[PDB]
file model_26.cif (mmCIF, C-alpha atoms)
data_final
loop_
_atom_site.group_PDB
_atom_site.id
_atom_site.type_symbol
_atom_site.label_atom_id
_atom_site.label_comp_id
_atom_site.auth_asym_id
_atom_site.auth_seq_id
_atom_site.Cartn_x
_atom_site.Cartn_y
_atom_site.Cartn_z
ATOM 1 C CA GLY A 344 -17.971 4.590 14.152
ATOM 2 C CA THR A 345 -15.246 1.933 14.245
ATOM 3 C CA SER A 346 -17.202 -1.130 15.389
ATOM 4 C CA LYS A 347 -17.964 -2.658 11.983
ATOM 5 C CA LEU A 348 -14.343 -2.000 10.996
ATOM 6 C CA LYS A 349 -13.084 -3.890 14.045
ATOM 7 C CA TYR A 350 -15.454 -6.760 13.172
ATOM 8 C CA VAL A 351 -14.049 -7.006 9.636
ATOM 9 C CA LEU A 352 -10.469 -7.022 10.995
ATOM 10 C CA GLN A 353 -11.130 -9.695 13.642
ATOM 11 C CA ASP A 354 -8.709 -12.597 13.132
ATOM 12 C CA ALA A 355 -7.671 -11.130 9.761
ATOM 13 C CA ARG A 356 -4.356 -11.475 7.961
ATOM 14 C CA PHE A 357 -2.554 -8.400 6.638
ATOM 15 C CA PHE A 358 -0.112 -7.856 3.762
ATOM 16 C CA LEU A 359 1.950 -4.808 2.784
ATOM 17 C CA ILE A 360 1.528 -3.975 -0.933
ATOM 18 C CA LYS A 361 4.119 -1.643 -2.482
ATOM 19 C CA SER A 362 3.301 -0.029 -5.835
ATOM 20 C CA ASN A 363 5.835 1.667 -8.096
ATOM 21 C CA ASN A 364 3.408 4.441 -9.053
ATOM 22 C CA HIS A 365 0.167 6.153 -8.113
ATOM 23 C CA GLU A 366 -1.511 5.185 -11.400
ATOM 24 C CA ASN A 367 -1.766 1.519 -10.399
ATOM 25 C CA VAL A 368 -3.313 2.344 -7.020
ATOM 26 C CA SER A 369 -5.755 4.674 -8.787
ATOM 27 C CA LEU A 370 -6.810 1.883 -11.163
ATOM 28 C CA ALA A 371 -7.212 -0.522 -8.229
ATOM 29 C CA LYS A 372 -9.425 2.003 -6.420
ATOM 30 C CA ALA A 373 -11.574 2.575 -9.512
ATOM 31 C CA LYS A 374 -11.899 -1.066 -10.629
ATOM 32 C CA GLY A 375 -11.647 -3.052 -7.386
ATOM 33 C CA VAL A 376 -8.824 -5.320 -8.588
ATOM 34 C CA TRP A 377 -5.181 -6.068 -7.880
ATOM 35 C CA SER A 378 -2.463 -8.137 -9.533
ATOM 36 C CA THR A 379 0.956 -9.140 -8.278
ATOM 37 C CA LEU A 380 3.952 -11.267 -9.183
ATOM 38 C CA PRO A 381 3.470 -15.059 -8.921
ATOM 39 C CA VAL A 382 5.481 -15.395 -5.689
ATOM 40 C CA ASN A 383 3.048 -13.076 -3.902
ATOM 41 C CA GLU A 384 0.024 -14.439 -5.774
ATOM 42 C CA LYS A 385 0.665 -17.864 -4.244
ATOM 43 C CA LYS A 386 0.923 -16.381 -0.736
ATOM 44 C CA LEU A 387 -2.303 -14.392 -1.132
ATOM 45 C CA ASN A 388 -4.237 -17.372 -2.508
ATOM 46 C CA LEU A 389 -3.111 -19.497 0.452
ATOM 47 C CA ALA A 390 -4.062 -16.736 2.876
ATOM 48 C CA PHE A 391 -7.498 -16.184 1.298
ATOM 49 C CA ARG A 392 -8.467 -19.802 2.011
ATOM 50 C CA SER A 393 -7.016 -19.624 5.543
ATOM 51 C CA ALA A 394 -8.593 -16.539 7.153
ATOM 52 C CA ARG A 395 -11.918 -14.750 7.541
ATOM 53 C CA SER A 396 -10.459 -11.553 5.970
ATOM 54 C CA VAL A 397 -7.228 -10.878 4.083
ATOM 55 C CA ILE A 398 -6.331 -7.161 4.110
ATOM 56 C CA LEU A 399 -3.984 -5.457 1.635
ATOM 57 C CA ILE A 400 -2.432 -2.195 2.879
ATOM 58 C CA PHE A 401 -1.145 -0.094 -0.049
ATOM 59 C CA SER A 402 1.863 2.210 -0.220
ATOM 60 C CA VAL A 403 3.261 3.961 -3.307
ATOM 61 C CA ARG A 404 7.063 3.908 -3.351
ATOM 62 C CA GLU A 405 8.659 7.262 -2.428
ATOM 63 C CA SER A 406 5.309 8.791 -1.398
ATOM 64 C CA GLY A 407 5.947 8.653 2.346
ATOM 65 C CA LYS A 408 2.369 7.463 2.860
ATOM 66 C CA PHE A 409 -0.056 4.579 2.743
ATOM 67 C CA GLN A 410 -2.903 5.148 0.261
ATOM 68 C CA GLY A 411 -5.594 2.979 1.830
ATOM 69 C CA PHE A 412 -6.542 -0.629 2.474
ATOM 70 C CA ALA A 413 -8.868 -3.263 1.011
ATOM 71 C CA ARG A 414 -10.111 -6.808 1.591
ATOM 72 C CA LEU A 415 -9.623 -9.672 -0.860
ATOM 73 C CA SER A 416 -12.992 -10.872 -2.117
ATOM 74 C CA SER A 417 -11.662 -13.696 -4.344
ATOM 75 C CA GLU A 418 -8.637 -15.767 -5.212
ATOM 76 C CA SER A 419 -6.700 -14.788 -8.329
ATOM 77 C CA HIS A 420 -8.269 -15.564 -11.716
ATOM 78 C CA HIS A 421 -7.043 -15.225 -15.300
ATOM 79 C CA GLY A 422 -8.769 -14.176 -18.507
ATOM 80 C CA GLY A 423 -10.836 -11.233 -17.277
ATOM 81 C CA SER A 424 -10.997 -7.688 -18.555
ATOM 82 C CA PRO A 425 -7.331 -6.783 -19.209
ATOM 83 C CA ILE A 426 -5.987 -4.048 -16.943
ATOM 84 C CA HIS A 427 -3.619 -1.367 -18.242
ATOM 85 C CA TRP A 428 -1.209 -1.395 -15.325
ATOM 86 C CA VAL A 429 1.953 0.707 -15.563
ATOM 87 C CA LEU A 430 4.728 -1.886 -15.362
ATOM 88 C CA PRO A 431 8.345 -1.342 -14.264
ATOM 89 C CA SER A 435 6.260 -7.136 -18.802
ATOM 90 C CA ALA A 436 2.518 -7.840 -18.537
ATOM 91 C CA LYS A 437 3.039 -11.583 -19.061
ATOM 92 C CA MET A 438 5.077 -11.667 -15.827
ATOM 93 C CA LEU A 439 2.017 -10.897 -13.680
ATOM 94 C CA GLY A 440 -0.163 -13.529 -12.079
ATOM 95 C CA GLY A 441 -3.929 -13.489 -12.090
ATOM 96 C CA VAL A 442 -6.321 -10.787 -10.921
ATOM 97 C CA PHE A 443 -7.770 -10.570 -7.409
ATOM 98 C CA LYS A 444 -11.057 -8.831 -6.744
ATOM 99 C CA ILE A 445 -10.900 -6.463 -3.750
ATOM 100 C CA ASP A 446 -13.357 -4.395 -1.707
ATOM 101 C CA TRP A 447 -11.967 -1.112 -0.437
ATOM 102 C CA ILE A 448 -12.294 -0.446 3.284
ATOM 103 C CA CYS A 449 -10.543 2.936 3.291
ATOM 104 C CA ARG A 450 -9.442 5.102 0.340
ATOM 105 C CA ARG A 451 -7.838 7.796 2.533
ATOM 106 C CA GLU A 452 -4.096 8.260 3.034
ATOM 107 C CA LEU A 453 -2.003 7.860 6.178
ATOM 108 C CA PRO A 454 1.486 9.419 6.445
ATOM 109 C CA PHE A 455 4.332 7.213 7.673
ATOM 110 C CA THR A 456 5.000 9.739 10.458
ATOM 111 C CA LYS A 457 1.770 8.578 12.137
ATOM 112 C CA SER A 458 2.728 4.858 12.122
ATOM 113 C CA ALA A 459 6.226 5.247 13.608
ATOM 114 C CA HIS A 460 5.160 3.602 16.898
ATOM 115 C CA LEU A 461 4.151 0.318 15.178
ATOM 116 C CA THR A 462 6.753 -2.404 14.555
ATOM 117 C CA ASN A 463 6.167 -5.621 12.606
ATOM 118 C CA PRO A 464 7.386 -8.819 14.352
ATOM 119 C CA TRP A 465 7.448 -10.643 11.006
ATOM 120 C CA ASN A 466 10.006 -8.123 9.655
ATOM 121 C CA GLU A 467 12.535 -8.032 12.516
ATOM 122 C CA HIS A 468 10.380 -5.507 14.451
ATOM 123 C CA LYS A 469 11.223 -2.774 11.955
ATOM 124 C CA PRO A 470 8.647 0.025 11.580
ATOM 125 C CA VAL A 471 5.637 -1.323 9.722
ATOM 126 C CA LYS A 472 6.202 1.081 6.798
ATOM 127 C CA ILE A 473 9.388 -0.894 6.030
ATOM 128 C CA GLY A 474 8.979 -4.038 3.970
ATOM 129 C CA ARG A 475 9.111 -5.609 0.530
ATOM 130 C CA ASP A 476 5.978 -5.951 -1.593
ATOM 131 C CA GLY A 477 3.969 -8.818 -0.115
ATOM 132 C CA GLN A 478 5.439 -8.676 3.419
ATOM 133 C CA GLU A 479 2.983 -10.137 5.927
ATOM 134 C CA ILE A 480 2.097 -7.913 8.902
ATOM 135 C CA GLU A 481 1.382 -9.624 12.237
ATOM 136 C CA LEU A 482 -2.239 -9.430 13.472
ATOM 137 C CA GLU A 483 -1.832 -6.922 16.299
ATOM 138 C CA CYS A 484 0.380 -4.496 14.365
ATOM 139 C CA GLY A 485 -1.836 -4.778 11.277
ATOM 140 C CA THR A 486 -5.020 -4.118 13.244
ATOM 141 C CA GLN A 487 -3.568 -1.032 14.922
ATOM 142 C CA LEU A 488 -2.247 0.242 11.586
ATOM 143 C CA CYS A 489 -5.678 0.007 9.955
ATOM 144 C CA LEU A 490 -7.253 1.762 12.949
ATOM 145 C CA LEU A 491 -4.871 4.738 12.464
ATOM 146 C CA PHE A 492 -6.335 5.633 9.071
ATOM 147 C CA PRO A 493 -8.830 8.498 8.933
ATOM 148 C CA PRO A 494 -12.404 7.174 8.721
ATOM 149 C CA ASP A 495 -13.697 6.883 5.145
ATOM 150 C CA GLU A 496 -17.332 8.009 5.414
ATOM 151 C CA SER A 497 -18.010 7.039 1.781
ATOM 152 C CA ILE A 498 -17.738 3.271 2.454
ATOM 153 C CA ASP A 499 -20.490 1.133 4.006
ATOM 154 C CA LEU A 500 -19.003 -1.992 5.593
ATOM 155 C CA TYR A 501 -22.411 -3.709 5.724
ATOM 156 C CA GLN A 502 -21.800 -5.202 2.264
ATOM 157 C CA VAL A 503 -18.280 -6.351 3.152
ATOM 158 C CA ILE A 504 -19.496 -8.060 6.335
ATOM 159 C CA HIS A 505 -21.938 -10.164 4.300
ATOM 160 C CA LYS A 506 -19.098 -11.687 2.249
ATOM 161 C CA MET A 507 -17.309 -13.075 5.311
#

call {"tool": "encode", "arguments": {"input": "model_26.cif", "output": "structure tokens"}}
result
Amino acid sequence: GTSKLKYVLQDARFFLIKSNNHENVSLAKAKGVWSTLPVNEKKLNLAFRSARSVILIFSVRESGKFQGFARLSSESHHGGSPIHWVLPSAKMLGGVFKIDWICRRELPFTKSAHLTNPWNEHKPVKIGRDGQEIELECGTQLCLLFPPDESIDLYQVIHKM
């Protein structure tokens, strides 16, 4: 079903995350973590304190697809297990956010062509720089377009809200 998913997304904030390569998204899916440049780290930390759920929607550059979406479970923190990201300078990154995956399945951009983002000049939601905020209604509909991920149980995610 979709009911627990809709509950998690209620009054959520949404951010577009653009990765240079698949390896970083694979590490995030395996380890439940994400890191970003300080400008976006500050935005995500502010958003995490401000909303019931903050959702990151991932897309690998040049892939023509989104690779899934996840919910922030913490603010960024330093000094944890180092993560062997594939960089385009590791010192340039901010802290590490813990994330809980909501869907690990892909969605092609062709299926989201009817969704425009008011916070990016009403361009198709696939278009945007890393860290671009997606307005509530467009973000909710985007997440509902993904194929259901039957491997994830949202009961545990609901308890953290």

call {"tool": "resolve_selection", "arguments": {"input": "model_26.cif", "expression": "the PyMOL selection byres ((chain A and resi 402) around 10)", "output": "JSON list (two decimals) with C-alpha atoms, in the frame of the given file"}}
result
[["chain", "number", "residue", "atom", "x", "y", "z"],
["A", 359, "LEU", "CA", 1.95, -4.81, 2.78],
["A", 360, "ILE", "CA", 1.53, -3.98, -0.93],
["A", 361, "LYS", "CA", 4.12, -1.64, -2.48],
["A", 362, "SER", "CA", 3.30, -0.03, -5.84],
["A", 363, "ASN", "CA", 5.84, 1.67, -8.10],
["A", 364, "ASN", "CA", 3.41, 4.44, -9.05],
["A", 365, "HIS", "CA", 0.17, 6.15, -8.11],
["A", 368, "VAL", "CA", -3.31, 2.34, -7.02],
["A", 399, "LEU", "CA", -3.98, -5.46, 1.64],
["A", 400, "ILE", "CA", -2.43, -2.19, 2.88],
["A", 401, "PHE", "CA", -1.14, -0.09, -0.05],
["A", 403, "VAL", "CA", 3.26, 3.96, -3.31],
["A", 404, "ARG", "CA", 7.06, 3.91, -3.35],
["A", 405, "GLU", "CA", 8.66, 7.26, -2.43],
["A", 406, "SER", "CA", 5.31, 8.79, -1.40],
["A", 407, "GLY", "CA", 5.95, 8.65, 2.35],
["A", 408, "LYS", "CA", 2.37, 7.46, 2.86],
["A", 409, "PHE", "CA", -0.06, 4.58, 2.74],
["A", 410, "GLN", "CA", -2.90, 5.15, 0.26],
["A", 411, "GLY", "CA", -5.59, 2.98, 1.83],
["A", 412, "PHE", "CA", -6.54, -0.63, 2.47],
["A", 452, "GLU", "CA", -4.10, 8.26, 3.03],
["A", 453, "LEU", "CA", -2.00, 7.86, 6.18],
["A", 454, "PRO", "CA", 1.49, 9.42, 6.44],
["A", 455, "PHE", "CA", 4.33, 7.21, 7.67],
["A", 472, "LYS", "CA", 6.20, 1.08, 6.80],
["A", 476, "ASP", "CA", 5.98, -5.95, -1.59]]

call {"tool": "residues_around", "arguments": {"input": "model_26.cif", "residues": "range 346-356 of chain A", "least_positions_apart": "4", "cutoff": "8 Å", "atoms": "only C-alpha atoms", "output": "ChimeraX atom specification"}}
result
/A:390,394-398,479-482,485-486,500-501,503-504

call {"tool": "closest_residue", "arguments": {"input": "model_26.cif", "among": "A:441, A:464, A:494, A:470", "to": "residue 424 in chain A", "atoms": "all atoms listed in the file"}}
result
A:441

call {"tool": "atom_distance", "arguments": {"input": "model_26.cif", "atom1": "CA of residue 383 in chain A", "atom2": "CA of residue 442 in chain A"}}
result
11.9 Å

call {"tool": "residues_near_point", "arguments": {"input": "model_26.cif", "point": "(-2.6, -3.7, -10.0)", "cutoff": "7 Å", "atoms": "only C-alpha atoms", "output": "JSON list (two decimals) with C-alpha atoms, in the coordinates of the input"}}
result
[["chain", "number", "residue", "atom", "x", "y", "z"],
["A", 367, "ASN", "CA", -1.77, 1.52, -10.40],
["A", 368, "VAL", "CA", -3.31, 2.34, -7.02],
["A", 371, "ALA", "CA", -7.21, -0.52, -8.23],
["A", 376, "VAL", "CA", -8.82, -5.32, -8.59],
["A", 377, "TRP", "CA", -5.18, -6.07, -7.88],
["A", 378, "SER", "CA", -2.46, -8.14, -9.53],
["A", 379, "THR", "CA", 0.96, -9.14, -8.28],
["A", 428, "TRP", "CA", -1.21, -1.40, -15.32]]

call {"tool": "closest_residue", "arguments": {"input": "model_26.cif", "among": "A:366, A:444, A:430, A:471", "to": "residue 391 in chain A", "atoms": "only C-alpha atoms"}}
result
A:444

call {"tool": "atom_distance", "arguments": {"input": "model_26.cif", "atom1": "CA of residue 483 in chain A", "atom2": "CA of residue 502 in chain A"}}
result
24.5 Å

call {"tool": "atom_distance", "arguments": {"input": "model_26.cif", "atom1": "CA of residue 425 in chain A", "atom2": "CA of residue 448 in chain A"}}
result
23.9 Å
